[PDB]
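K.L.:
The following block contains the structure, expressed as structure tokens.
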Amino acid sequence: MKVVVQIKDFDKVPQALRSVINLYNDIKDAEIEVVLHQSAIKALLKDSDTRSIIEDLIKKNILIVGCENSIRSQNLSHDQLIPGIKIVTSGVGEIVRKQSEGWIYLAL
Amino acid sequence: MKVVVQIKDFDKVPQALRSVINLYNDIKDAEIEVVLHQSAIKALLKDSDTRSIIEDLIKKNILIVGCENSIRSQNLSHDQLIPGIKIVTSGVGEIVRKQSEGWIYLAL
Amino acid sequence: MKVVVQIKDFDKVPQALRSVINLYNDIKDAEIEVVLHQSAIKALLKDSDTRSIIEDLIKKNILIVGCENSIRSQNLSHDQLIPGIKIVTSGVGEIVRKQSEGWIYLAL
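If you want it as structure tokens, here you go:
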């Protein structure tokens with residue numbers, strides 16, 4: 001079950017991440033990709049309060065993706081992001097493309 | 001027309017419910033399922049300010065679903081929820097599954 | 001690539017519009033329709049702070065759509081909206097219908 005998850009609001013990241021954990025626990029063999037854009041990109045910073053949760057999702061083989069446009073608008077450096085994070089040119093472009101590829105969309 | 005509606009933010013429930021009413025009025029013979037998770041689950045409490053609206057949606061044959069994970073994290077009891085409410089193990093799992101079954105997704 | 005974009009929160013319109021610009025720049029020959037409903041409808045007012053951005057999207061051949069139900073609940077007049085704006089009876093009905101027609105959904 002392929003699911004492309006979107007997270008855009010930084011203030012809702014904690015709840016969004018718990019929801020992703022819920023998804024993982026509920027759908028057997030789920031193939032999950034989480035795309036963070038807009039202000040939510042800040043959650044991928046090395047000193048992020050949700051770093052341990054993000055690292056746990058990575059351990060669970062979940063693909064964590066950050067939006068380049070968002071990284072740039074938030075004045076962040078790739079050097080400052082959690083290691084092992086994939087980046088796409090556009091978070092919204094990725095979300096749309098994955099859906100066209102058959103991935104089920106979930107907005108958090 | 002099968003539509004699976006998601007509502008996750010408690011502070012936006014009033015507007016979300018009005019939007020569902022709008023959907024109902026706009027799409028003839030719509031088959032609607034509303035899944036509430038995260039903080040929005042509180043709207044399904046018996047003393048909820050939106051109870052009368054929820055009851056009206058039920059009257060209109062709309063399926064109202066509450067997330068068990070969310071009920072648990074909000075420390076709520078099934079005894080405290082509006083009668084006639086269906087519950088799923090995971091709100092996000094339900095949203096994803098209905099979409100895979102052909103239901104059109106609407107995030108409110 | 002057909003994409004139906006939803007924007008419902010007025011306080012998030014600036015970021016949503018930038019995200020639409022990002023979509024446009026990222027997906028070659030994207031066919032985009034943006035549906036604004038709930039409080040976001042206010043962004044289509046003639047004296048709107050985002051008017052110039054909306055006009056730019058229109059220039060880029062992006063279809064800008066406003067929800068009639070939302071226009072009514074916000075006590076707005078069609079005379080007060082940006083010229084060239086299309087209106088639908090229900091923003092949510094449009095979002096659902098476009099998806100059933102094969103348009104990819106993006107919630108902003």
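Protein chains in written order, with the authors' numbering: chain A, 1 to 108; chain A', 1 to 108; chain A'', 1 to 108. A prime marks a further copy of an entry chain.
We put the CB at the ideal spot given by N, CA and C, even for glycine.
1. Measuring straight from C-alpha to C-alpha, what distance separates A'/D79 and A'/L45?
2. In the DSSP assignment, what are the bridge partners of A/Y105?
3. Do the stretch 85-93 of chain A and the stretch 15-31 of chain A' make contact, defined as three or more Cβ pairs closer than 8 Å?
4. Give the straight-line distance between the Cα atoms of A'/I62 and A'/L76, rounded to the nearest whole angstrom.
5. In the DSSP assignment, find the unbroken beta strand (DSSP E) run with A''/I32 in it and report its ends.
6. Taking DSSP as the reference, what is the three-state secondary structure of A/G84?
7. Can you list the residues of chain A' that A/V3 reaches, using a CB-CB cut of under 8 Å?
8. In chain A, which residues lie less than 8 Å from A'/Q15 when you measure between Cβ atoms?
9. Could you tell me the distance, in whole angstroms, from the CA atom of A'/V96 to the CA atom of A'/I32?
10. In the DSSP assignment, what are the bridge partners of A''/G91?
11. Give every residue of the same chain whose Cβ lies closer than 6 Å to the Cβ of A'/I104, excluding the five residues on either side of it in the sequence, and list them in chain order.
12. For a contact meaning CB atoms closer than 9 Å, what does A'/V92 contact in chain A?
13. Give the DSSP-derived three-state secondary structure of A'/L45 in the structure shown.
14. Among residues of its own chain, excluding the 5 on either side of A''/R51, which ones have a beta-carbon nearer than 7 Å to its beta-carbon?
15. Is it buried or exposed for A/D11, if we count other Cβ within 10 angstroms and need 16 for buried?
16. Residues of chain A with CB under 7 Å from A'/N69, in chain order?
17. A/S39: buried (16+ other C-beta within 10 angstroms of its C-beta) or exposed?
18. Hey, out of A'/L108, A'/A107, A'/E101 and A'/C67, whose CA is closest to A/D26's CA?
19. Considering only their Cβ atoms, is the gap separating A'/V20 from A'/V34 smaller than 7 Å?
20. Compile a chain-ordered list of the residues in the stretch 34-67 of chain A whose CB is closer than 9 Å to at least one CB of chain A''.
21. In this structure, does DSSP put A/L63 in helix, strand or coil?
22. Given this structure, state the Cα-to-Cα distance separating A/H37 from A/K98, to the nearest angstrom.
P.N.:
For this structure:
1. 9 Å
2. A/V4
3. no
4. 23 Å
5. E31 to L36
6. coil
7. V96
8. The contacting residues do not exist; A'/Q15 stays about 16 Å from chain A at best.
9. 15 Å
10. Partner(s): none; A''/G91 has no beta bridge.
11. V3
12. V3, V5, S19, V20, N22, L23, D26, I27, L106 and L108
13. strand
14. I82
15. exposed
16. The answer, in chain order, is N22.
17. It counts as buried.
18. A'/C67
19. yes
20. Those residues of the stretch 34-67 of chain A that come within reach of chain A'' (Cβ to Cβ, closer than 9 Å) are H37, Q38, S39 and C67.
21. strand
22. A/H37 and A/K98 have their C-alpha atoms roughly 15 Å apart.
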